[PDB]
>>> print(open('coords.csv').read())   # CSV, N, CA and C atoms and all ligand atoms
chain,number,residue,atom,x,y,z
M,1,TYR,N,240.4,129.5,-17.4
M,1,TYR,CA,239.7,130.7,-17.9
M,1,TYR,C,238.9,130.4,-19.2
M,2,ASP,N,238.4,129.2,-19.4
M,2,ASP,CA,237.6,128.8,-20.5
M,2,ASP,C,236.2,129.2,-20.2
M,3,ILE,N,235.7,130.3,-20.9
M,3,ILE,CA,234.3,130.8,-20.8
M,3,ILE,C,233.2,129.9,-21.2
M,4,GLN,N,233.5,128.9,-22.0
M,4,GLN,CA,232.5,127.9,-22.5
M,4,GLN,C,232.5,126.6,-21.7
M,5,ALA,N,233.5,126.3,-20.8
M,5,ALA,CA,233.6,125.0,-20.2
M,5,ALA,C,232.4,124.6,-19.3
M,6,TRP,N,231.6,125.6,-18.8
M,6,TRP,CA,230.5,125.3,-18.0
M,6,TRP,C,229.5,124.4,-18.7
M,7,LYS,N,229.3,124.5,-20.0
M,7,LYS,CA,228.2,123.8,-20.7
M,7,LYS,C,228.4,122.3,-20.6
M,8,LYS,N,229.6,121.8,-20.9
M,8,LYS,CA,229.9,120.3,-20.8
M,8,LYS,C,229.8,119.9,-19.3
M,9,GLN,N,230.3,120.8,-18.4
M,9,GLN,CA,230.3,120.5,-16.9
M,9,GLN,C,228.8,120.3,-16.5
M,10,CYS,N,227.9,121.2,-17.0
M,10,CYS,CA,226.5,121.1,-16.7
M,10,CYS,C,225.9,119.8,-17.3
M,11,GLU,N,226.3,119.4,-18.5
M,11,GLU,CA,225.8,118.2,-19.1
M,11,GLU,C,226.1,117.0,-18.3
M,12,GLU,N,227.4,117.0,-17.8
M,12,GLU,CA,227.9,115.8,-17.0
M,12,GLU,C,227.1,115.8,-15.7
M,13,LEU,N,226.9,117.0,-15.0
M,13,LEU,CA,226.2,117.0,-13.8
M,13,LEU,C,224.7,116.6,-14.0
M,14,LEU,N,224.1,117.0,-15.1
M,14,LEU,CA,222.7,116.5,-15.4
M,14,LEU,C,222.7,115.0,-15.6
M,15,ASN,N,223.8,114.4,-16.2
M,15,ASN,CA,223.8,112.9,-16.4
M,15,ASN,C,223.9,112.3,-15.0
M,16,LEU,N,224.7,112.8,-14.0
M,16,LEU,CA,224.7,112.3,-12.7
M,16,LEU,C,223.4,112.4,-12.0
M,17,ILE,N,222.7,113.5,-12.2
M,17,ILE,CA,221.4,113.7,-11.6
M,17,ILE,C,220.4,112.7,-12.1
M,18,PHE,N,220.4,112.4,-13.4
M,18,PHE,CA,219.5,111.5,-14.0
M,18,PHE,C,219.7,110.0,-13.5
M,19,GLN,N,221.0,109.7,-13.2
M,19,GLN,CA,221.3,108.3,-12.6
M,19,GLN,C,220.9,108.2,-11.1
M,20,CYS,N,220.8,109.3,-10.4
M,20,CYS,CA,220.5,109.4,-9.0
M,20,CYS,C,219.0,109.0,-8.9
M,21,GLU,N,218.7,108.0,-8.0
M,21,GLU,CA,217.3,107.6,-7.8
M,21,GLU,C,216.4,108.8,-7.2
M,22,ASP,N,217.1,109.7,-6.5
M,22,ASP,CA,216.4,110.9,-5.9
M,22,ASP,C,215.8,111.8,-7.0
M,23,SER,N,216.3,111.7,-8.3
M,23,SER,CA,215.7,112.6,-9.3
M,23,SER,C,214.4,112.1,-9.9
M,24,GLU,N,214.0,110.8,-9.6
M,24,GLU,CA,212.8,110.2,-10.2
M,24,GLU,C,211.6,111.1,-10.3
M,25,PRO,N,211.2,111.8,-9.3
M,25,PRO,CA,210.0,112.7,-9.4
M,25,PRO,C,210.2,113.9,-10.3
M,26,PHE,N,211.4,114.2,-10.6
M,26,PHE,CA,211.7,115.5,-11.2
M,26,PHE,C,212.3,115.4,-12.6
M,27,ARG,N,212.3,114.1,-13.2
M,27,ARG,CA,212.9,113.9,-14.5
M,27,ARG,C,212.0,114.4,-15.7
M,28,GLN,N,210.7,114.6,-15.5
M,28,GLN,CA,209.8,115.0,-16.5
M,28,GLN,C,208.8,116.0,-15.9
M,29,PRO,N,208.1,116.8,-16.7
M,29,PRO,CA,207.2,117.7,-16.2
M,29,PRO,C,206.1,117.0,-15.3
M,30,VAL,N,205.7,117.7,-14.2
M,30,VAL,CA,204.7,117.2,-13.3
M,30,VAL,C,203.4,116.8,-14.1
M,31,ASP,N,202.8,115.7,-13.8
M,31,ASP,CA,201.7,115.2,-14.5
M,31,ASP,C,200.4,115.8,-13.9
M,32,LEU,N,199.7,116.6,-14.6
M,32,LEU,CA,198.5,117.3,-14.2
M,32,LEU,C,197.4,116.3,-13.9
M,33,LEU,N,197.4,115.1,-14.5
M,33,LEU,CA,196.3,114.1,-14.3
M,33,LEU,C,196.5,113.6,-12.9
M,34,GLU,N,197.8,113.4,-12.4
M,34,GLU,CA,198.1,112.9,-11.1
M,34,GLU,C,197.9,114.0,-10.0
M,35,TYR,N,198.2,115.3,-10.4
M,35,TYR,CA,198.2,116.4,-9.4
M,35,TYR,C,197.3,117.5,-10.1
M,36,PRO,N,196.0,117.4,-10.0
M,36,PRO,CA,195.1,118.3,-10.8
M,36,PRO,C,195.2,119.8,-10.5
M,37,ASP,N,195.5,120.1,-9.2
M,37,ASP,CA,195.6,121.5,-8.8
M,37,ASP,C,197.0,122.1,-8.9
M,38,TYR,N,197.9,121.3,-9.5
M,38,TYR,CA,199.3,121.8,-9.5
M,38,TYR,C,199.5,123.2,-10.0
M,39,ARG,N,198.9,123.6,-11.1
M,39,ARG,CA,199.1,125.0,-11.6
M,39,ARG,C,198.3,126.1,-10.8
M,40,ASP,N,197.5,125.7,-9.8
M,40,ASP,CA,196.9,126.7,-8.9
M,40,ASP,C,197.9,127.1,-7.9
M,41,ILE,N,198.9,126.3,-7.6
M,41,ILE,CA,199.9,126.6,-6.6
M,41,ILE,C,201.3,127.0,-7.3
M,42,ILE,N,201.6,126.3,-8.4
M,42,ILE,CA,202.9,126.5,-9.0
M,42,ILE,C,202.8,127.3,-10.3
M,43,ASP,N,203.4,128.5,-10.3
M,43,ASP,CA,203.3,129.4,-11.5
M,43,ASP,C,204.2,129.0,-12.6
M,44,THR,N,205.4,128.4,-12.3
M,44,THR,CA,206.3,128.0,-13.4
M,44,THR,C,206.8,126.7,-13.1
M,45,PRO,N,206.2,125.7,-13.7
M,45,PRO,CA,206.7,124.3,-13.6
M,45,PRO,C,208.1,124.2,-14.2
M,46,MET,N,208.9,123.3,-13.6
M,46,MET,CA,210.3,123.0,-14.1
M,46,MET,C,210.7,121.6,-13.8
M,47,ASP,N,211.5,121.0,-14.6
M,47,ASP,CA,211.9,119.6,-14.4
M,47,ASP,C,213.3,119.4,-15.1
M,48,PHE,N,214.0,118.3,-14.8
M,48,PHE,CA,215.3,118.2,-15.4
M,48,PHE,C,215.4,117.9,-16.9
M,49,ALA,N,214.3,117.3,-17.5
M,49,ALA,CA,214.3,117.1,-18.9
M,49,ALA,C,214.2,118.5,-19.6
M,50,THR,N,213.4,119.4,-19.1
M,50,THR,CA,213.3,120.7,-19.7
M,50,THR,C,214.7,121.5,-19.5
M,51,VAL,N,215.3,121.3,-18.4
M,51,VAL,CA,216.6,122.0,-18.2
M,51,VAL,C,217.6,121.4,-19.2
M,52,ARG,N,217.7,120.1,-19.3
M,52,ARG,CA,218.6,119.5,-20.3
M,52,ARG,C,218.3,119.9,-21.7
M,53,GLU,N,217.0,120.0,-22.1
M,53,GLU,CA,216.7,120.4,-23.5
M,53,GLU,C,217.0,121.8,-23.7
M,54,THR,N,216.8,122.7,-22.7
M,54,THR,CA,217.2,124.1,-22.9
M,54,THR,C,218.7,124.3,-23.1
M,55,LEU,N,219.5,123.5,-22.3
M,55,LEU,CA,220.9,123.5,-22.4
M,55,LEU,C,221.4,123.0,-23.8
M,56,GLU,N,220.8,121.9,-24.2
M,56,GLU,CA,221.2,121.3,-25.5
M,56,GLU,C,220.7,122.1,-26.7
M,57,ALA,N,219.7,122.9,-26.6
M,57,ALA,CA,219.2,123.8,-27.6
M,57,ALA,C,220.1,125.0,-27.7
M,58,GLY,N,221.0,125.3,-26.8
M,58,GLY,CA,221.8,126.5,-26.8
M,58,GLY,C,221.0,127.6,-26.3
M,59,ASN,N,220.1,127.4,-25.3
M,59,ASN,CA,219.2,128.5,-24.8
M,59,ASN,C,219.5,128.9,-23.4
M,60,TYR,N,220.7,128.5,-22.9
M,60,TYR,CA,221.2,129.1,-21.7
M,60,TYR,C,222.5,129.8,-22.1
M,61,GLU,N,222.6,131.1,-21.6
M,61,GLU,CA,223.8,131.9,-21.9
M,61,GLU,C,224.9,131.6,-20.8
M,62,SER,N,224.5,131.2,-19.6
M,62,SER,CA,225.5,131.1,-18.5
M,62,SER,C,225.0,129.9,-17.6
M,63,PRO,N,225.9,129.4,-16.7
M,63,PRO,CA,225.5,128.4,-15.8
M,63,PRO,C,224.6,129.0,-14.7
M,64,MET,N,224.6,130.3,-14.5
M,64,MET,CA,223.7,130.9,-13.5
M,64,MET,C,222.2,130.8,-13.9
M,65,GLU,N,222.0,130.9,-15.3
M,65,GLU,CA,220.6,130.7,-15.7
M,65,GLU,C,220.1,129.2,-15.5
M,66,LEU,N,221.0,128.3,-15.8
M,66,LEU,CA,220.7,126.9,-15.6
M,66,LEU,C,220.4,126.6,-14.1
M,67,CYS,N,221.3,127.2,-13.2
M,67,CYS,CA,221.1,127.1,-11.8
M,67,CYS,C,219.8,127.6,-11.3
M,68,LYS,N,219.3,128.8,-11.9
M,68,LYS,CA,218.1,129.3,-11.5
M,68,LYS,C,216.9,128.4,-11.8
M,69,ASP,N,217.0,127.7,-13.0
M,69,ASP,CA,215.9,126.7,-13.3
M,69,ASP,C,216.0,125.5,-12.5
M,70,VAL,N,217.2,125.0,-12.1
M,70,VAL,CA,217.3,123.8,-11.3
M,70,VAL,C,216.7,124.1,-9.9
M,71,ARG,N,217.1,125.3,-9.4
M,71,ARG,CA,216.6,125.8,-8.1
M,71,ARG,C,215.1,125.9,-8.1
M,72,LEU,N,214.5,126.2,-9.2
M,72,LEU,CA,213.0,126.3,-9.3
M,72,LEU,C,212.4,125.0,-9.2
M,73,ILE,N,213.1,123.9,-9.7
M,73,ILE,CA,212.5,122.5,-9.5
M,73,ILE,C,212.4,122.3,-8.0
M,74,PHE,N,213.4,122.7,-7.2
M,74,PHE,CA,213.4,122.4,-5.7
M,74,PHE,C,212.4,123.4,-5.0
M,75,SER,N,212.3,124.6,-5.4
M,75,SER,CA,211.4,125.6,-4.8
M,75,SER,C,209.9,125.1,-5.1
M,76,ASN,N,209.7,124.6,-6.3
M,76,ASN,CA,208.3,124.1,-6.6
M,76,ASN,C,208.0,122.9,-5.8
M,77,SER,N,208.9,122.0,-5.6
M,77,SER,CA,208.6,120.8,-4.7
M,77,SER,C,208.3,121.3,-3.3
M,78,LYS,N,209.1,122.3,-2.8
M,78,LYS,CA,208.8,122.8,-1.4
M,78,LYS,C,207.5,123.4,-1.3
M,79,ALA,N,207.1,124.2,-2.3
M,79,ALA,CA,205.8,124.9,-2.3
M,79,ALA,C,204.6,124.0,-2.5
M,80,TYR,N,204.8,122.8,-3.2
M,80,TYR,CA,203.7,121.9,-3.4
M,80,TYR,C,203.6,120.8,-2.3
M,81,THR,N,204.5,120.7,-1.4
M,81,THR,CA,204.5,119.6,-0.4
M,81,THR,C,203.5,119.9,0.7
M,82,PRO,N,202.7,118.9,1.0
M,82,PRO,CA,201.8,119.1,2.2
M,82,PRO,C,202.4,119.0,3.5
M,83,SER,N,203.6,118.3,3.6
M,83,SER,CA,204.2,118.1,4.9
M,83,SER,C,205.4,117.1,4.8
M,84,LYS,N,206.2,117.0,5.9
M,84,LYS,CA,207.4,116.1,5.9
M,84,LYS,C,207.0,114.6,5.5
M,85,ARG,N,205.7,114.2,5.7
M,85,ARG,CA,205.3,112.9,5.3
M,85,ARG,C,205.1,112.8,3.8
M,86,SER,N,206.2,113.2,3.1
M,86,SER,CA,206.3,113.3,1.7
M,86,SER,C,207.7,112.9,1.4
M,87,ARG,N,207.8,111.8,0.7
M,87,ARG,CA,209.0,111.2,0.1
M,87,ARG,C,209.5,112.2,-0.9
M,88,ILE,N,208.6,112.8,-1.7
M,88,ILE,CA,209.1,113.6,-2.9
M,88,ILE,C,209.9,114.8,-2.4
M,89,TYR,N,209.4,115.6,-1.4
M,89,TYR,CA,210.1,116.7,-0.9
M,89,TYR,C,211.4,116.3,-0.2
M,90,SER,N,211.4,115.2,0.5
M,90,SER,CA,212.7,114.7,1.1
M,90,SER,C,213.7,114.3,0.0
M,91,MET,N,213.3,113.8,-1.1
M,91,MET,CA,214.2,113.5,-2.2
M,91,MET,C,214.7,114.8,-2.8
M,92,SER,N,213.8,115.8,-2.9
M,92,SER,CA,214.3,117.1,-3.4
M,92,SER,C,215.4,117.7,-2.6
M,93,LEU,N,215.3,117.5,-1.2
M,93,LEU,CA,216.3,118.1,-0.3
M,93,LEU,C,217.6,117.5,-0.5
M,94,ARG,N,217.7,116.1,-0.6
M,94,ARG,CA,218.9,115.4,-0.9
M,94,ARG,C,219.5,115.8,-2.2
M,95,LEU,N,218.6,115.8,-3.2
M,95,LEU,CA,219.1,116.1,-4.6
M,95,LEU,C,219.6,117.5,-4.7
M,96,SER,N,218.9,118.5,-4.0
M,96,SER,CA,219.4,119.9,-3.9
M,96,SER,C,220.8,120.0,-3.3
M,97,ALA,N,221.0,119.2,-2.2
M,97,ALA,CA,222.4,119.2,-1.6
M,97,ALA,C,223.4,118.7,-2.5
M,98,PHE,N,223.1,117.7,-3.3
M,98,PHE,CA,224.0,117.1,-4.3
M,98,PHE,C,224.3,118.1,-5.4
M,99,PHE,N,223.2,118.7,-5.9
M,99,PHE,CA,223.4,119.7,-7.0
M,99,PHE,C,224.2,120.9,-6.5
M,100,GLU,N,223.9,121.5,-5.3
M,100,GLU,CA,224.6,122.6,-4.9
M,100,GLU,C,226.1,122.3,-4.6
M,101,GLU,N,226.4,121.1,-4.1
M,101,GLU,CA,227.8,120.7,-3.9
M,101,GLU,C,228.6,120.6,-5.2
M,102,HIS,N,227.9,120.3,-6.3
M,102,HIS,CA,228.6,120.1,-7.6
M,102,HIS,C,228.6,121.4,-8.4
M,103,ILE,N,227.5,122.2,-8.3
M,103,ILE,CA,227.4,123.4,-9.2
M,103,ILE,C,228.3,124.5,-8.7
M,104,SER,N,228.7,124.5,-7.4
M,104,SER,CA,229.6,125.6,-6.9
M,104,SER,C,230.8,125.9,-7.7
M,105,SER,N,231.6,124.8,-8.0
M,105,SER,CA,232.8,125.1,-8.8
M,105,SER,C,232.5,125.5,-10.2
M,106,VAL,N,231.4,125.0,-10.8
M,106,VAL,CA,231.0,125.4,-12.2
M,106,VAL,C,230.8,126.9,-12.2
M,107,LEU,N,230.0,127.4,-11.3
M,107,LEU,CA,229.8,128.8,-11.2
M,107,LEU,C,231.0,129.6,-10.9
M,108,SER,N,231.8,129.2,-10.0
M,108,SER,CA,233.0,129.9,-9.6
M,108,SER,C,234.0,130.0,-10.8
M,109,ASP,N,234.2,128.9,-11.5
M,109,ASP,CA,235.1,128.8,-12.7
M,109,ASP,C,234.6,129.7,-13.8
M,110,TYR,N,233.3,129.7,-14.1
M,110,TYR,CA,232.7,130.5,-15.1
M,110,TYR,C,232.9,132.0,-14.7
M,111,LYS,N,232.5,132.4,-13.5
M,111,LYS,CA,232.6,133.8,-13.1
M,111,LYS,C,234.1,134.3,-13.1
M,112,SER,N,235.0,133.4,-12.7
M,112,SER,CA,236.5,133.7,-12.8
M,112,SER,C,236.9,133.9,-14.3
M,113,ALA,N,236.5,133.0,-15.2
M,113,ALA,CA,236.8,133.1,-16.6
M,113,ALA,C,236.3,134.4,-17.2
M,114,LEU,N,235.1,134.8,-16.8
M,114,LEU,CA,234.5,136.0,-17.4
M,114,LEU,C,235.2,137.2,-16.9
M,115,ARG,N,235.6,137.2,-15.6
M,115,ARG,CA,236.4,138.3,-15.0
M,115,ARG,C,237.7,138.5,-15.8
M,116,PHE,N,238.3,137.3,-16.1
M,116,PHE,CA,239.6,137.3,-16.8
M,116,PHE,C,239.4,137.9,-18.2
M,117,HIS,N,238.3,137.5,-18.8
M,117,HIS,CA,238.0,138.0,-20.2
M,117,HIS,C,237.9,139.5,-20.2
M,118,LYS,N,237.2,140.0,-19.2
M,118,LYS,CA,236.9,141.4,-19.1
M,118,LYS,C,238.0,142.2,-18.4
M,119,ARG,N,239.2,141.6,-18.0
M,119,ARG,CA,240.2,142.3,-17.3
M,119,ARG,C,240.8,143.6,-18.1
B,1,LIG,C1,203.7,115.8,-2.5
B,1,LIG,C2,205.2,115.9,-2.8
B,1,LIG,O1,206.0,116.4,-1.8
B,1,LIG,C3,205.3,116.6,-4.1
B,1,LIG,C4,206.0,117.9,-4.3
B,1,LIG,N1,206.1,118.2,-5.6
B,1,LIG,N2,205.5,117.2,-6.2
B,1,LIG,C5,205.5,117.1,-7.7
B,1,LIG,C6,207.0,117.2,-8.2
B,1,LIG,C7,207.4,115.8,-8.3
B,1,LIG,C8,206.2,115.0,-8.8
B,1,LIG,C9,205.0,115.7,-8.2
B,1,LIG,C10,205.0,116.2,-5.4
>>> encode(input="coords.csv", output="structure tokens", more="lines below")
Ligand SMILES: C[C@H](O)c1cnn(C2CCCC2)c1
Amino acid sequence: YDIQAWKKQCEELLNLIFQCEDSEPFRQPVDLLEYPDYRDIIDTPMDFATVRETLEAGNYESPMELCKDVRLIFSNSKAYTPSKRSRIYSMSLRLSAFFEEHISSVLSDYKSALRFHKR
């Protein structure tokens, strides 16, 4: 029932994501010199360094907010992909599966702790 435990759990999960080779295209903001029309398709760019910085700055109130930003990394990749003949979207799908598998208990424990706090 520790209401703050999610933060270190998210830091550790981000460390695992950064070691994973599948995170390579998503570790830093998309380079507009490489993808000049990126902002014509994507309204809100997101990447794992921005998520980590937001977490470390104390600018996430809950793991649900962090989840929403990580999911935006994957939705942006899906929206920008021209087709399955894209290694980057395929990497996003595997990385998304890995993230969802690990974030499930973080969200459940946090929501349970908050329900206990407000009992
Ligand atoms: C074409 C490819 O599927 C794709 C999707 N999004 N992107 C961005 C995010 C990662 C670096 C560039 C490339």
>>> select_by_dssp(input="coords.csv", residues="chain M", states="helix (DSSP H, G or I)", output="NGL selection string")
:M and (6-19 or 21-26 or 38-41 or 48-56 or 63-80 or 87-117)
>>> closest_residue(input="coords.csv", among="M:27, M:117, M:94, M:68", to="ligand LIG 1 (chain B)", atoms="only C-alpha atoms and all ligand atoms")
M:27
>>> residues_near_ligand(input="coords.csv", ligand="ligand LIG 1 (chain B)", cutoff="10 Å", atoms="only C-alpha atoms and all ligand atoms", output="short mmCIF file (atom, residue, chain, number, x, y, z; two decimals) with N, CA and C atoms, keeping the file's coordinate frame")
data_model
loop_
_atom_site.label_atom_id
_atom_site.label_comp_id
_atom_site.auth_asym_id
_atom_site.auth_seq_id
_atom_site.Cartn_x
_atom_site.Cartn_y
_atom_site.Cartn_z
N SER M 23 216.30 111.70 -8.30
CA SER M 23 215.70 112.60 -9.30
C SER M 23 214.40 112.10 -9.90
N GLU M 24 214.00 110.80 -9.60
CA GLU M 24 212.80 110.20 -10.20
C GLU M 24 211.60 111.10 -10.30
N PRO M 25 211.20 111.80 -9.30
CA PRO M 25 210.00 112.70 -9.40
C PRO M 25 210.20 113.90 -10.30
N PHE M 26 211.40 114.20 -10.60
CA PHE M 26 211.70 115.50 -11.20
C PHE M 26 212.30 115.40 -12.60
N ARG M 27 212.30 114.10 -13.20
CA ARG M 27 212.90 113.90 -14.50
C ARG M 27 212.00 114.40 -15.70
N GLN M 28 210.70 114.60 -15.50
CA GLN M 28 209.80 115.00 -16.50
C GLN M 28 208.80 116.00 -15.90
N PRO M 29 208.10 116.80 -16.70
CA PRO M 29 207.20 117.70 -16.20
C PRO M 29 206.10 117.00 -15.30
N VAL M 30 205.70 117.70 -14.20
CA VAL M 30 204.70 117.20 -13.30
C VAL M 30 203.40 116.80 -14.10
N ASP M 31 202.80 115.70 -13.80
CA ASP M 31 201.70 115.20 -14.50
C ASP M 31 200.40 115.80 -13.90
N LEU M 32 199.70 116.60 -14.60
CA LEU M 32 198.50 117.30 -14.20
C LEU M 32 197.40 116.30 -13.90
N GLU M 34 197.80 113.40 -12.40
CA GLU M 34 198.10 112.90 -11.10
C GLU M 34 197.90 114.00 -10.00
N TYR M 35 198.20 115.30 -10.40
CA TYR M 35 198.20 116.40 -9.40
C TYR M 35 197.30 117.50 -10.10
N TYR M 38 197.90 121.30 -9.50
CA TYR M 38 199.30 121.80 -9.50
C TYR M 38 199.50 123.20 -10.00
N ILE M 42 201.60 126.30 -8.40
CA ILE M 42 202.90 126.50 -9.00
C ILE M 42 202.80 127.30 -10.30
N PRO M 45 206.20 125.70 -13.70
CA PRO M 45 206.70 124.30 -13.60
C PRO M 45 208.10 124.20 -14.20
N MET M 46 208.90 123.30 -13.60
CA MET M 46 210.30 123.00 -14.10
C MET M 46 210.70 121.60 -13.80
N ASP M 47 211.50 121.00 -14.60
CA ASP M 47 211.90 119.60 -14.40
C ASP M 47 213.30 119.40 -15.10
N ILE M 73 213.10 123.90 -9.70
CA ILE M 73 212.50 122.50 -9.50
C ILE M 73 212.40 122.30 -8.00
N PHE M 74 213.40 122.70 -7.20
CA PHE M 74 213.40 122.40 -5.70
C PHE M 74 212.40 123.40 -5.00
N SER M 75 212.30 124.60 -5.40
CA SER M 75 211.40 125.60 -4.80
C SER M 75 209.90 125.10 -5.10
N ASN M 76 209.70 124.60 -6.30
CA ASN M 76 208.30 124.10 -6.60
C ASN M 76 208.00 122.90 -5.80
N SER M 77 208.90 122.00 -5.60
CA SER M 77 208.60 120.80 -4.70
C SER M 77 208.30 121.30 -3.30
N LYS M 78 209.10 122.30 -2.80
CA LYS M 78 208.80 122.80 -1.40
C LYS M 78 207.50 123.40 -1.30
N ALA M 79 207.10 124.20 -2.30
CA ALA M 79 205.80 124.90 -2.30
C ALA M 79 204.60 124.00 -2.50
N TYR M 80 204.80 122.80 -3.20
CA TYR M 80 203.70 121.90 -3.40
C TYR M 80 203.60 120.80 -2.30
N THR M 81 204.50 120.70 -1.40
CA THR M 81 204.50 119.60 -0.40
C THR M 81 203.50 119.90 0.70
N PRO M 82 202.70 118.90 1.00
CA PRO M 82 201.80 119.10 2.20
C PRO M 82 202.40 119.00 3.50
N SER M 83 203.60 118.30 3.60
CA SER M 83 204.20 118.10 4.90
C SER M 83 205.40 117.10 4.80
N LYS M 84 206.20 117.00 5.90
CA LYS M 84 207.40 116.10 5.90
C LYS M 84 207.00 114.60 5.50
N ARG M 85 205.70 114.20 5.70
CA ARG M 85 205.30 112.90 5.30
C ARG M 85 205.10 112.80 3.80
N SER M 86 206.20 113.20 3.10
CA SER M 86 206.30 113.30 1.70
C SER M 86 207.70 112.90 1.40
N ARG M 87 207.80 111.80 0.70
CA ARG M 87 209.00 111.20 0.10
C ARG M 87 209.50 112.20 -0.90
N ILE M 88 208.60 112.80 -1.70
CA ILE M 88 209.10 113.60 -2.90
C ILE M 88 209.90 114.80 -2.40
N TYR M 89 209.40 115.60 -1.40
CA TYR M 89 210.10 116.70 -0.90
C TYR M 89 211.40 116.30 -0.20
N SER M 90 211.40 115.20 0.50
CA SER M 90 212.70 114.70 1.10
C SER M 90 213.70 114.30 0.00
N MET M 91 213.30 113.80 -1.10
CA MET M 91 214.20 113.50 -2.20
C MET M 91 214.70 114.80 -2.80
N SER M 92 213.80 115.80 -2.90
CA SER M 92 214.30 117.10 -3.40
C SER M 92 215.40 117.70 -2.60
#
>>> atom_distance(input="coords.csv", atom1="atom CA of residue 101 of chain M", atom2="atom CA of residue 6 of chain M")
15.1 Å
>>> atom_distance(input="coords.csv", atom1="atom CA of residue 54 of chain M", atom2="atom CA of residue 66 of chain M")
8.6 Å
>>> atom_distance(input="coords.csv", atom1="atom N of residue 95 of chain M", atom2="atom CA of residue 110 of chain M")
23.6 Å
>>> residues_around(input="coords.csv", residues="residue 67 of chain M", least_positions_apart="4", cutoff="8 Å", atoms="only C-alpha atoms", output="PyMOL selection string")
chain M and resi 63+71+103
>>> axis_aligned_box(input="coords.csv", around="segment 82-96 of chain M", padding_each_side="5 Å", output="JSON")
{"center_x": 211.3, "center_y": 115.6, "center_z": 0.6, "size_x": 29.0, "size_y": 18.8, "size_z": 20.6}
>>> closest_residue(input="coords.csv", among="M:10, M:51, M:41, M:96", to="residue 22 of chain M", atoms="all atoms listed in the file")
M:96
>>> residues_around(input="coords.csv", residues="residue 4 of chain M", least_positions_apart="3", cutoff="8 Å", atoms="all atoms listed in the file", output="PyMOL selection string")
chain M and resi 1+7-9+110+113
